[PDB]
Amino acid sequence: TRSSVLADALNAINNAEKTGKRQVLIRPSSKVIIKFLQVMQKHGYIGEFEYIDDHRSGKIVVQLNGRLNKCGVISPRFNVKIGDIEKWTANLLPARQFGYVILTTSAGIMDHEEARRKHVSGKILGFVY
Amino acid sequence: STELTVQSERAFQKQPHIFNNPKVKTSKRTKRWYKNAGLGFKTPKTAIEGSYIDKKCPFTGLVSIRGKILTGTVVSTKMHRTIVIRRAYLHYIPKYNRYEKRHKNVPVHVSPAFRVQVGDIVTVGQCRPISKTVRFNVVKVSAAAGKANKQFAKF
Amino acid sequence: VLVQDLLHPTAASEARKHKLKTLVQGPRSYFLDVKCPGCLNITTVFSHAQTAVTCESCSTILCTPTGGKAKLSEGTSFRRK
Amino acid sequence: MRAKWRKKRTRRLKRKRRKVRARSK
Amino acid sequence: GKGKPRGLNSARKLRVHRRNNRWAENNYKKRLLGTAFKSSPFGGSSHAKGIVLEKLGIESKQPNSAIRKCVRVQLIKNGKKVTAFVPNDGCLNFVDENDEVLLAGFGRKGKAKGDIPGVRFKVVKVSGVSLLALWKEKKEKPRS
Amino acid sequence: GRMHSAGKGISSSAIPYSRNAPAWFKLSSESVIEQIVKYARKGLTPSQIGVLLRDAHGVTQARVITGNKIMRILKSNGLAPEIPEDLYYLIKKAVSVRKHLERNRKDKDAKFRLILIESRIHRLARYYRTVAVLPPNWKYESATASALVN
Amino acid sequence: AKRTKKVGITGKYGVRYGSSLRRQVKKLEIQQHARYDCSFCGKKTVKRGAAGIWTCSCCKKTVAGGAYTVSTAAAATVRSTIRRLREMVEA
RNA sequence: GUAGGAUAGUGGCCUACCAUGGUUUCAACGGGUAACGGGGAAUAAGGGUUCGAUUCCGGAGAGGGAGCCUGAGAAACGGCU
RNA sequence: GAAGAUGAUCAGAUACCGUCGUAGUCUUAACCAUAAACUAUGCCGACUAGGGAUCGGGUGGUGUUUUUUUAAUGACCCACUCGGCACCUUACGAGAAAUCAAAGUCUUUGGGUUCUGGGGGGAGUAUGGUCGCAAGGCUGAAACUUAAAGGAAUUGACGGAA
Ligand SMILES: [Mg+2]
Ligand SMILES: [Mg+2]
Ligand SMILES: [Mg+2]
Ligand SMILES: [Mg+2]
Ligand SMILES: [Mg+2]
Ligand SMILES: [Mg+2]
Ligand SMILES: [Mg+2]
Ligand SMILES: [Mg+2]
Ligand SMILES: [Mg+2]
Ligand SMILES: [Mg+2]
Ligand SMILES: [Mg+2]
Ligand SMILES: [Mg+2]
Ligand SMILES: [Mg+2]
Ligand SMILES: [Mg+2]
Ligand SMILES: [Mg+2]
Ligand SMILES: [Mg+2]
Ligand SMILES: [Mg+2]
Ligand SMILES: [Mg+2]
Ligand SMILES: [Mg+2]
Ligand SMILES: [Mg+2]
Ligand SMILES: [Mg+2]
Ligand SMILES: [Mg+2]
Ligand SMILES: [Mg+2]
Ligand SMILES: [Mg+2]
Ligand SMILES: [Mg+2]
Ligand SMILES: [Mg+2]
Ligand SMILES: [Mg+2]
Ligand SMILES: [Mg+2]
């Protein structure tokens, strides 16, 4: 059954970005999906995304521009102390100069760089590069 | 607990060194000793006004609560003035970066100030060794509703 | 097509698609103001109406249930909604 | 050697082994 | 989902699954059954002294064609009979029947080496005076 | 998809976007409610009340037109049955299959389907006992069930 | 409790007579001692009364039957066959 | 559980009378250990794998068991029976 | 038609072939619990590519057939749609390849979960337990031995293959 709507959303985004589409459609559009997409959009990996409100769970149409290589989900959401964020970045990211590991942190869903600037850590969601 | 046969044993059940003087009739009937257990644990009015004895009670008995203050789900009220609680937790295996469900069964003395049943969340507090396996008293019972008011039959 | 408008798909496409697989899922069914040849009163009958619907005053079957839409029977007249 | 017939050979060896084991026991 | 469980609370299933599939290795199975002490004539040890019983000449395996010049050695610490290769040119002239040799293993942790069938040990010393040193010219073998 | 089958069918209702609806409705919410209560006095399951309201009358959704669901209206009017509707309709099927099986003892797939139906009953009854709709230690004993559902 | 694992009614025979023979007699001593339902009053009160006789304790009615069952399969086949031939003859 | 005894003292530690409990697939109980536990050690991308009788800490033992004397402290063995 | 009988042939004495024929094949009551039980491809879920054909259901044609002056229902045609057994083209991708719309979305490695494998033999053997009336089924080693066993494809050779 459907166990991770963020994994389904990010799989749809990867599969459309691989085949070169400029847009996806994502069902069923959680808050974690919206915040993850807002981080990706803030860092420039997607364009505008628009939330269709049907009265059940929502859909999202994301405008993929061209600049995404691999957005993914680290499932399970591992507990991540502040000392081993850098193991996760060294494992998941292609280089030290770009790419972001998205963390669910009690200061909000955020990437690892402004998890480090706020000196906060927590569960891992996934990555974008 | 003002009823159900306090003197049910071969010995006279009384609080030690508490004297009921028969020559001078006391203004309050059958003088009772109680205490606050400390740590914000309210002495129940059943403990204050009851007739039970329970020398291992944390409020009317001779034990003191000191040390760990644990919390657990009652799984067995099948003893006399002793319950078994389940302290379920999660153990972290650092190889797999994952946890495993574990549990520990803690036998706890329960006062007859408290009426407990299987399913109640109780707060227990460490005392001196009460028996071979019991080192804790129930100091608080944390199940008031328990979703057990709407199960009964209707018309 | 590699680039398309997913927020505003064409009405011909949305009328082709399944009722669950549109942009917002809604029903393709409808209701009918149905009158008998005999009685003057009006009955509101579902399109896919599952039931031998009669009037309150009539003794007459208005629709007969089928696999999909109910078959409006016996020369009765209908209007949508 | 077909594996089917080697299996049947070892199955007959099973019967002889348990026959002599029940003979001794 | 690539086989294995992934969830955060699924560490017992992963740990016991690794513990169960860990037995299919040669070394873990051998080390936890303790077969080096139950079997494998040198009881977990590197070397063992024994007493030569008879000089053997083992036919080498095909396609090689030679006589391998071993000895039958009864170990002091077990009483187990092994076959030990006397590992240079000559050197069977150096041993005897009925004297004390030190044996080592033969390179392959069991697993009889090369064209020698069923010989998995070798003679390092005879009478405590070291076959290589006897073979070069370096030492003289004691008469008793 | 189809917990006791291999079917993958999507055959559901697609209720509309309008949560207040449908602007040709000229009957009142209390008239809809007393029609619901009248149908339950006749003895109708909430599914049968809803289908009759939908087809004979114009009541598209009773949740939309009133403020309440049909089973909630029946509970407020004192007409809730002793076991829930889908569980009762599962126990009815199970006792019909068992009555069939006592004659046709050779019916191996009716035996199999009976196991499926009881498994479904026990899962549903377990849910109802945790959400406290059914009493605790309510058991489908499959010997008294024929009188449980008459 | 469960007094015996598998002998059942043939635990009275002890270790004697052979296991196959005691199984064969167990499957028929269950059959000849079972209470059967009456075809006349519906109560499960039919008992055997010197093989071939099956008497209901209510309503006192006695039916001829098999030696250990009320209706053997050959007799039920005969009943169906005679029903079929009678329906063919009188129609 | 109650009461006593005993102890330096809690306690089924033991006794007397009651109750029938207590642990377990979250692995109890049993079997093996060529197992003393730990600080630690070897190998080092990261994670790990293996070792730790051994200089520090804690335990246990003085050929095997048991019992005790003296003493603040021992069930001591370069003390006794 | 196992077994068994018999007739021929064959170097040895092709067991193939011919004629019989018990058990069996069928059925009732009880057992067994295995198959190359195969799609050698666990189950749930999402996405990624074009196509036509078909099965079941649904929807729409001022379509054909029942031409009877604006000709019910079935059958058929066309277009959609959901669900299914599959199929054709391509290789985005995957793979050691054969090939695969899944065996893809995997070193850019994490959707959920169960089971299994760890070089070839020894060996599905020994022993223990348990199930069975038995046959056997489930569970299931070790000593020892060994440098390959194997998978896919290429060239050749060979075929009582074309
Ligand atoms: Mg006590
Ligand atoms: Mg589905
Ligand atoms: Mg299921
Ligand atoms: Mg005392
Ligand atoms: Mg005491
Ligand atoms: Mg006692
Ligand atoms: Mg030791
Ligand atoms: Mg490495
Ligand atoms: Mg250690
Ligand atoms: Mg140490
Ligand atoms: Mg040692
Ligand atoms: Mg020390
Ligand atoms: Mg000592
Ligand atoms: Mg010594
Ligand atoms: Mg000693
Ligand atoms: Mg002194
Ligand atoms: Mg001593
Ligand atoms: Mg000394
Ligand atoms: Mg000393
Ligand atoms: Mg199999
Ligand atoms: Mg298979
Ligand atoms: Mg399954
Ligand atoms: Mg299709
Ligand atoms: Mg192997
Ligand atoms: Mg097996
Ligand atoms: Mg066996
Ligand atoms: Mg093969
Ligand atoms: Mg090959």
# chains A, B, ... in the order shown; residues from 1 in each chain; ligands from 1

call {"tool": "interface_residues", "arguments": {"of": "chain H", "to": "chain A", "cutoff": "12 Å", "atoms": "only C-alpha atoms (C1' of nucleotides)", "output": "VMD selection string"}}
result
chain H and resid 45 to 47

call {"tool": "write_last_selection", "arguments": {"atoms": "N, CA, C and O atoms (P, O5', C5', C4', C3', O3' and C1' of nucleotides)", "output": "PDB file, in the first residue's frame"}}
result
ATOM      1  P     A H  45      40.246   1.967   5.188  1.00  0.00           P
ATOM      2  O5'   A H  45      39.393   3.279   4.916  1.00  0.00           O
ATOM      3  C5'   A H  45      39.960   4.568   5.074  1.00  0.00           C
ATOM      4  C4'   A H  45      38.963   5.638   4.734  1.00  0.00           C
ATOM      5  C3'   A H  45      37.728   5.685   5.608  1.00  0.00           C
ATOM      6  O3'   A H  45      37.944   6.404   6.806  1.00  0.00           O
ATOM      7  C1'   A H  45      37.119   5.841   3.328  1.00  0.00           C
ATOM      8  P     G H  46      37.376   5.848   8.193  1.00  0.00           P
ATOM      9  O5'   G H  46      35.805   5.888   7.990  1.00  0.00           O
ATOM     10  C5'   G H  46      35.104   7.118   7.959  1.00  0.00           C
ATOM     11  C4'   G H  46      33.666   6.904   7.573  1.00  0.00           C
ATOM     12  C3'   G H  46      32.943   5.807   8.331  1.00  0.00           C
ATOM     13  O3'   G H  46      32.476   6.208   9.604  1.00  0.00           O
ATOM     14  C1'   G H  46      32.573   5.518   6.034  1.00  0.00           C
ATOM     15  P     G H  47      32.675   5.239  10.864  1.00  0.00           P
ATOM     16  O5'   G H  47      31.635   4.064  10.614  1.00  0.00           O
ATOM     17  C5'   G H  47      30.244   4.324  10.549  1.00  0.00           C
ATOM     18  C4'   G H  47      29.502   3.174   9.923  1.00  0.00           C
ATOM     19  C3'   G H  47      29.618   1.840  10.630  1.00  0.00           C
ATOM     20  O3'   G H  47      28.807   1.718  11.781  1.00  0.00           O
ATOM     21  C1'   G H  47      29.981   1.519   8.340  1.00  0.00           C
TER      22        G H  47
END

call {"tool": "residues_near_ligand", "arguments": {"ligand": "ligand 9", "cutoff": "8 Å", "atoms": "only C-alpha atoms (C1' of nucleotides) and all ligand atoms", "output": "PDB file with C-alpha atoms (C1' of nucleotides), in the first residue's frame"}}
result
ATOM      1  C1'   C H  36      36.350 -13.669  33.959  1.00  0.00           C
ATOM      2  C1'   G H  37      33.599  -8.243  32.770  1.00  0.00           C
ATOM      3  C1'   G H  38      35.444  -3.349  31.517  1.00  0.00           C
ATOM      4  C1'   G H  52      40.831  -8.228  25.455  1.00  0.00           C
TER       5        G H  52
END

call {"tool": "residues_near_ligand", "arguments": {"ligand": "ligand 15", "cutoff": "8 Å", "atoms": "only C-alpha atoms (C1' of nucleotides) and all ligand atoms", "output": "PyMOL selection string"}}
result
chain H and resi 62-64+77

call {"tool": "residues_near_ligand", "arguments": {"ligand": "ligand 4", "cutoff": "8 Å", "atoms": "only C-alpha atoms (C1' of nucleotides) and all ligand atoms", "output": "PyMOL selection string"}}
result
chain H and resi 3-5

call {"tool": "interface_residues", "arguments": {"of": "chain E", "to": "chain B", "cutoff": "6 Å", "atoms": "only C-alpha atoms", "output": "number ranges by chain"}}
result
E: 8-9, 11-12

call {"tool": "write_last_selection", "arguments": {"atoms": "N, CA, C and O atoms", "output": "PDB file, in the first residue's frame"}}
result
ATOM      1  N   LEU E   8      12.728   1.894  11.004  1.00  0.00           N
ATOM      2  CA  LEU E   8      13.562   2.266  12.142  1.00  0.00           C
ATOM      3  C   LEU E   8      13.451   1.276  13.286  1.00  0.00           C
ATOM      4  O   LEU E   8      14.414   1.079  14.027  1.00  0.00           O
ATOM      5  N   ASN E   9      12.297   0.662  13.461  1.00  0.00           N
ATOM      6  CA  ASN E   9      12.124  -0.288  14.540  1.00  0.00           C
ATOM      7  C   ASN E   9      12.421  -1.712  14.113  1.00  0.00           C
ATOM      8  O   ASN E   9      12.245  -2.632  14.913  1.00  0.00           O
ATOM      9  N   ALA E  11      15.251  -3.435  13.677  1.00  0.00           N
ATOM     10  CA  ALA E  11      16.641  -3.819  13.857  1.00  0.00           C
ATOM     11  C   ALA E  11      16.808  -5.248  14.319  1.00  0.00           C
ATOM     12  O   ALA E  11      17.834  -5.854  14.018  1.00  0.00           O
ATOM     13  N   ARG E  12      15.837  -5.797  15.042  1.00  0.00           N
ATOM     14  CA  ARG E  12      15.908  -7.187  15.457  1.00  0.00           C
ATOM     15  C   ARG E  12      15.805  -8.138  14.280  1.00  0.00           C
ATOM     16  O   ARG E  12      16.545  -9.120  14.226  1.00  0.00           O
TER      17      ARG E  12
END

call {"tool": "residues_near_ligand", "arguments": {"ligand": "ligand 10", "cutoff": "12 Å", "atoms": "only C-alpha atoms (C1' of nucleotides) and all ligand atoms", "output": "ChimeraX atom specification"}}
result
/H:35-41,51-59

call {"tool": "residues_near_ligand", "arguments": {"ligand": "ligand 24", "cutoff": "8 Å", "atoms": "only C-alpha atoms (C1' of nucleotides) and all ligand atoms", "output": "PyMOL selection string"}}
result
(chain E and resi 24) or (chain I and resi 118-120)

call {"tool": "write_last_selection", "arguments": {"atoms": "N, CA, C and O atoms (P, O5', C5', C4', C3', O3' and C1' of nucleotides)", "output": "PDB file, in the first residue's frame"}}
result
ATOM      1  N   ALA E  24      26.564 -19.377   6.655  1.00  0.00           N
ATOM      2  CA  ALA E  24      26.907 -19.922   5.352  1.00  0.00           C
ATOM      3  C   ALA E  24      28.338 -19.618   4.940  1.00  0.00           C
ATOM      4  O   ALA E  24      28.773 -20.093   3.888  1.00  0.00           O
TER       5      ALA E  24
ATOM      6  P     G I 118      23.621 -21.744   0.743  1.00  0.00           P
ATOM      7  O5'   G I 118      25.037 -21.131   0.395  1.00  0.00           O
ATOM      8  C5'   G I 118      25.454 -21.019  -0.957  1.00  0.00           C
ATOM      9  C4'   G I 118      26.515 -19.971  -1.125  1.00  0.00           C
ATOM     10  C3'   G I 118      27.634 -20.019  -0.090  1.00  0.00           C
ATOM     11  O3'   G I 118      28.881 -19.884  -0.737  1.00  0.00           O
ATOM     12  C1'   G I 118      26.769 -17.836  -0.248  1.00  0.00           C
ATOM     13  P     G I 119      29.868 -21.134  -0.794  1.00  0.00           P
ATOM     14  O5'   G I 119      30.606 -20.918  -2.171  1.00  0.00           O
ATOM     15  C5'   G I 119      29.886 -20.485  -3.305  1.00  0.00           C
ATOM     16  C4'   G I 119      30.421 -21.151  -4.534  1.00  0.00           C
ATOM     17  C3'   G I 119      30.120 -22.630  -4.639  1.00  0.00           C
ATOM     18  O3'   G I 119      28.838 -22.892  -5.168  1.00  0.00           O
ATOM     19  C1'   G I 119      32.403 -22.293  -4.992  1.00  0.00           C
ATOM     20  P     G I 120      28.013 -24.159  -4.652  1.00  0.00           P
ATOM     21  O5'   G I 120      28.708 -25.376  -5.393  1.00  0.00           O
ATOM     22  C5'   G I 120      28.716 -25.445  -6.808  1.00  0.00           C
ATOM     23  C4'   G I 120      29.620 -26.541  -7.305  1.00  0.00           C
ATOM     24  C3'   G I 120      29.241 -27.947  -6.892  1.00  0.00           C
ATOM     25  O3'   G I 120      28.219 -28.490  -7.700  1.00  0.00           O
ATOM     26  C1'   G I 120      31.554 -27.623  -6.585  1.00  0.00           C
TER      27        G I 120
END
